[PDB]
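Here is the structure we will look at.
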Amino acid sequence: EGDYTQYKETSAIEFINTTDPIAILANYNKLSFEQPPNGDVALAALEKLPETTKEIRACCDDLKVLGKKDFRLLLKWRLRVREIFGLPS
Amino acid sequence: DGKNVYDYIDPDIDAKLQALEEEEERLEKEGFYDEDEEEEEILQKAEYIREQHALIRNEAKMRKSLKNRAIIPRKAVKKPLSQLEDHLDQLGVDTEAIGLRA
Amino acid sequence: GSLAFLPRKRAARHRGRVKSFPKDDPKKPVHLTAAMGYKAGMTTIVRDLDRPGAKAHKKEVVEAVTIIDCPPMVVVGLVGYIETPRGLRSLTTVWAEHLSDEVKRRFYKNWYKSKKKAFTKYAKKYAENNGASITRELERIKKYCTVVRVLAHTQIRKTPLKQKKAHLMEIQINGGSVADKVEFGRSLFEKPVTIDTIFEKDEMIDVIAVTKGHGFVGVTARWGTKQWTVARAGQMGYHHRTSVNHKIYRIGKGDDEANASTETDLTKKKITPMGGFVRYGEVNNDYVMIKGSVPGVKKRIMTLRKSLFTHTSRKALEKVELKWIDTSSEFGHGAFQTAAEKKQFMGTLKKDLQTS
Amino acid sequence: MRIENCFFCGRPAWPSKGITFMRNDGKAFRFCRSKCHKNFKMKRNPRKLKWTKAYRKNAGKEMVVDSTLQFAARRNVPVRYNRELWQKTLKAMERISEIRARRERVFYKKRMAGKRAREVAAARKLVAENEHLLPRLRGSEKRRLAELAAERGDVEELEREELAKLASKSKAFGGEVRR
RNA sequence: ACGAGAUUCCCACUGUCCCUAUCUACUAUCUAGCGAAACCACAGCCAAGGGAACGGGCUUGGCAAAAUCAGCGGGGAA
RNA sequence: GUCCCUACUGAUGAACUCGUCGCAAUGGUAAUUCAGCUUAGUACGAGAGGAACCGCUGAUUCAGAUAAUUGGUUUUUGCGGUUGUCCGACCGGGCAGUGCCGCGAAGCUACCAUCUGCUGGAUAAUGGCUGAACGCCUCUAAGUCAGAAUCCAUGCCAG
RNA sequence: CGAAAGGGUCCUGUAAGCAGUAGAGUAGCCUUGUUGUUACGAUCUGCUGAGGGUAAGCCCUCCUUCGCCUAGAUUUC
Ligand SMILES: [Zn+2]
């Protein structure tokens, strides 16, 4: 109840900062890089990083068509970015 | 011809088509569409070497058997002179020497 | 099952007989009734529907059509029948001079080893002042017969078939006086009759053919199970059937070089699918595009005849407008209508550069 | 009445071909065949499979920048019907197609630019290491040619002519056993 | 608490079914050679009639055309 | 406490010289129900409500076909991946009564797909015309009109 | 007519081999390396929508190549 239209999006930073990355991947449709109304500097940084390649942006656009290798690649890229950004682990 | 007319329908297409024709003449001008015996004999010899390798492999595959059969040793079997005379001839050896051994 | 088709035996003949020509009155103009063609296969079309009162009105519909290869038939004879208290009786038949080798092949079982002399003495009847004999038979038909039929045979050298033995049949001449139709039949001798003259577009016809055989089959697939009225095992298939009310969607000319083109798509292509009709070949003659499915296997002789009665539906007398005709390969999941369209999509290949 | 493109491979999807999948988010996926449909249900990556346009575009096998391929796009603002406009559009399309293929031909040749240099370099290595497998005439042929040269009165040129003619012109297995 | 104990309920799966379709091997089929047995008064189409609710041979109708191959299960007192 | 003949379903067949094109005695017989649009918010009705003929379009059941398309099936052992063991390694392969997995043409199939199902005469109940019986009267007695998904045929199947 | 072959159409999915320090990793040489070197090196990339199969119940053949042919046996007014 309440999740009509069966569609949900977040920002990429939320996927980076979350404690449960598996929950976001399994329950959302799109990881967006759209600059927030205010303007997120982390989005600007994460967009311009060389780790996020064309394949990474392809998977984030459509989460419901991904497979085993694609999901693992997203988790690996999350860990690499968190190391750059100084997150705990 | 496998295309959608509605996809290409666009006003001012004459200007776009005219611009494309200019690009074609310029590209035909500077040389974007221009097409540019020792090597032939080397390749022919390389094919001959590869063909000989296949024939040698075919000869080896001919005798191999699928699973480890006991075989007659070469020293045990006896061979005709015609086969030895022929094979030596293909290798470029004069016959004059052989003919008196057996 | 149905007891109206009860003697589920193999058809006595491979060709199939009309068994009923439409009732004749002298008021209509002189015309032919039936024709022969060879089943080529099936293809998909898109039709701009114009059915007032239907859900798909003013909309595009995808339909399945069957293609029948129809080389022109050659009229080589004439037959006359008289009315008797015991039914119709053949009084006399008048053959034409100069019959072809194919139609003579029908008269022989071993044509290769035979001294081909069928109708050799009959030819002398025309050319040796025995034309009185030919005219006497023609006058006999005029003054004694009530139904006159035409013997026409196919031309299978044009068909991509290994068979060389043509097919004969009698086609009734309807609509006129007996004298008028006799002069009609004599004038048609030695002449090819094309399919666009017998039938035409957006008219509804009946097709007669022998169904596909299945051999000895049990009750499960023969009579459809979940004495004469009890389901048994026996022959299934190869049964003579007469299917009625099939609408002609197009008649192709073969020489047009744009048979499959419509006023909507401007692609110069013929009806033959990419790679050819599977197990048939290429249709290089006139063809009749019939809606739906029709009894018979591919390359089987097909008998087309007219409707016995004036139609009572709006499916007849309604115009058929075509948008696009499929030509992609039937040998697989085809996606290209023309050889050019495949090369444009995939670019150039390794063999293309090596050859060039 | 439109020609659609496959979601998986991008092949021309014509009417009554393939299958369409409707997702609860409100998106429709069009497939040209069961091969593409079954790969989609198994969650394979079209960008990784080598028989798809997604791989070919992303791997540099196809031209993605050009003036020709920008002419065609999906139009969301209808243009009022005009007979002259449609007729010249068809002529424009025909001109556009032959320019595209005759630009695509250069693209393929540029991709395979250095291929003969590698082939001859490998061929030079093979001959240098396997010189004993080259044609070598025959011992009887050398003798018979030597007498013919002696009778004529250029043995090296005569041998070369014989060597070439036999190379211009297969061995069986076993043979007859006398009964 | 325990039980290859029974029953009910819940989740999951299934050609059990809607409703069937396809595929493989051995048979079934044909040939060469070899080669029985059960059983057998004589036979073998149907209808009505043949008092003893009994017909296979009689009556009087329907009919009725050589010789064969495969399938089946309809018939042969208390 | 007792594998044969026939029937039926199919397939051949000697005699009539072989073949081609036909006729049609006889036998069987096939179509069914519902809905929607228009008529019409009309006739009818105080109101609430609320039809039908002509015309048009679908669907249920049944029947006969067909493979363009979609799905299913795979010994195409067609291509690819992979487990165990082996041919000394590579390449190429064997065996695991088709090792397992993915796709898979062709063929076969599916109201899981698609197509098609047709018109004359005579009647039953009943409603009538002219008109005796019976100086009224009466559809009946002589004569005669219409009329059911009925009957008989055509279309259809066999010959 | 038959057998091959070429082309087309479909199926699969990128062959064997060679090459690029792209390459994680495993080790020697000399002495410190701020850019030291030499070998092996799973994997990746290019040659390569390549390679393989294609009628057995797919399609075509301009001389694409090779071959076969007017039989032999019985019966019939
Ligand atoms: Zn696709």
Side-chain angles (χ1 to χ4, degrees), chain B residues 57 61 64-68, chain C residues 1-10 12 17 19-20 41-45 51-55 57 62-66 77 79 81 84 86-90 93 106-109 112-113 118 149 151 160 168-170 211-212 216 218 220 226-228 230-235 239-246 272-282 291-296 307-309 312 314 326 329-334 339 342 346 349-350, chain D residues 15-19 34-35 38-39 42 49-51 56 61 111-112 114-115 118-119 121-122 125:
Chain B
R57 270 298 285 268
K61 233 182 278 283
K64 186 177 207 331
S65 76
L66 267 189
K67 36 183 70 61
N68 264 349
Chain C
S2 204
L3 314 206
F5 307 90
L6 203 66
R8 290 202 102 117
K9 58 186 315 198
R10 321 185 166 150
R17 28 198 274 284
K19 295 218 218 173
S20 276
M42 313 211 40
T43 181
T44 293
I45 60 147
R51 193 165 286 149
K55 286 317 107 185
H57 196 209
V62 159
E63 294 280 336
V65 297
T66 178
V79 191
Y81 298 77
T84 75
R86 301 186 285 172
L88 277 188
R89 171 162 99 76
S90 170
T93 174
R106 172 63 52 190
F107 298 127
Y108 283 101
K109 289 260 178 331
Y112 68 109
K113 46 154 76 170
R149 290 178 187 177
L151 292 145
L168 265 169
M169 75 167 318
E170 274 161 286
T211 62
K212 160 159 75 158
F216 196 87
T220 302
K226 184 180 288 293
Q227 220 193 35
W228 65 307
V230 188
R232 296 292 181 185
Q235 171 89 24
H239 295 327
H240 186 277
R241 292 293 185 257
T242 300
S243 320
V244 302
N245 287 358
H246 293 297
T272 309
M274 215 195 184
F277 272 113
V278 161
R279 227 158 69 250
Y280 175 78
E282 291 85 352
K291 188 212 168 65
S293 63
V294 169
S307 306
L308 294 194
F309 325 111
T312 67
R314 307 272 177 180
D326 203 24
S329 192
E330 310 174 3
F331 203 44
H333 298 276
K342 183 164 178 179
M346 320 216 327
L349 299 165
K350 166 175 174 175
Chain D
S16 73
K17 289 254 153 23
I19 194 161
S34 66
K35 179 199 201 174
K38 285 164 184 350
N39 280 305
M42 293 192 293
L49 296 201
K50 327 221 181 136
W51 45 275
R56 298 203 92 231
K61 318 258 171 183
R111 276 187 48 227
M112 332 285 258
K115 184 180 177 182
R118 293 180 291 172
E119 288 312 349
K125 173 182 247 56

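Per chain, numbering begins at 1; letters A, B, ... match sequence-line order.
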Could you tell me how far [M] sits from [N] if I compare only their [atom1] atoms? Round to whole Å.
N       : M       : atom1 : answer
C101(F) : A28(E)  : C1'   : 36 Å
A5(G)   : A158(F) : P     : 46 Å
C137(F) : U130(F) : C1'   : 15 Å
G88(F)  : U38(G)  : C1'   : 31 Å

Just how far, in rounded Å, is [atom2] of [N] from [atom1] of [X]?
X       : N       : atom1 : atom2 : value
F107(C) : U20(F)  : CZ    : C1'   : 5 Å
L151(C) : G19(F)  : CG    : P     : 20 Å
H239(C) : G64(F)  : NE2   : P     : 10 Å
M42(C)  : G107(F) : CE    : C1'   : 17 Å
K226(C) : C62(F)  : NZ    : P     : 8 Å
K38(D)  : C101(F) : NZ    : P     : 16 Å
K212(C) : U109(F) : NZ    : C1'   : 9 Å
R149(C) : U20(F)  : CZ    : P     : 18 Å

statement: Relative to its sugar, using the 90° cut-off around 0, the base of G147(F) is anti
- request: Tell me whether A133(F) sits syn or anti, counting syn as a glycosidic angle within 90° of 0.
  value: anti
Is there a donor on the side chain of [X] or the base of [N] sitting less than 3.5 Å from an acceptor on the other?
X       : N       : value
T43(C)  : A68(F)  : no
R106(C) : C21(F)  : no
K9(C)   : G159(F) : no

Listed nucleotide nearest any side-chain atom of [X], set [options]:
X       : options                   : value
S293(C) : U119(F), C156(F), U114(F) : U114(F)
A54(C)  : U57(F), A11(F), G117(F)   : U57(F)
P295(C) : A65(F), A158(F), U116(F)  : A65(F)
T44(C)  : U69(F), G88(F), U9(G)     : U69(F)
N68(B)  : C60(G), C108(F), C87(F)   : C87(F)
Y81(C)  : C58(G), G64(F), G22(F)    : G22(F)
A12(C)  : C21(F), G159(F), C90(F)   : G159(F)
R51(C)  : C72(E), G58(F), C118(F)   : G58(F)
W228(C) : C8(F), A50(G), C90(F)     : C8(F)
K350(C) : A15(G), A105(F), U9(F)    : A15(G)

query: Would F331(C) count as stacked on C58(G) if the rule is ring centres under 5.5 Å and plane angle under 30°?
result: yes
task: With rounding to the nearest 0.5 Å, note down the distance linking CZ in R10(C) to NE2 in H239(C).
output: 10.0 Å
Test item: side-chain donor near acceptor, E170(C) and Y81(C), under 3.5 Å: yes
Is [M] the Watson-Crick or G-U wobble partner of [N], both distances being under 3.5 Å?
N       : M       : result
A122(F) : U114(F) : no
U35(G)  : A24(G)  : no
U16(E)  : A77(E)  : no
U116(F) : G104(F) : no
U9(F)   : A70(E)  : yes

task: If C1'-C2'-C3'-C4' is positive it's north, if negative it's south, so which is the sugar of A142(F)?
output: north
task: Examine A32(E) and say whether its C1'-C2'-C3'-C4' torsion places the sugar north (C3'-endo side) or south (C2'-endo side).
output: north
- prompt: When we call it a touch if two heavy atoms are under 4.0 Å apart, what does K50(D) touch: a base, just sugar-phosphate, or nothing?
  reply: base
message: Let's test this: given Watson-Crick or G-U wobble pairing with both distances under 3.5 Å, identify the partner of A30(F).
response: none
Identity of whatever pairs with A96(F) - Watson-Crick or G-U, under 3.5 angstrom: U83(F)
- prompt: Do neighbours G56(E) and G57(E) have base six-rings closer than 5.5 Å at the centres and tilted less than 30° apart?
  reply: yes
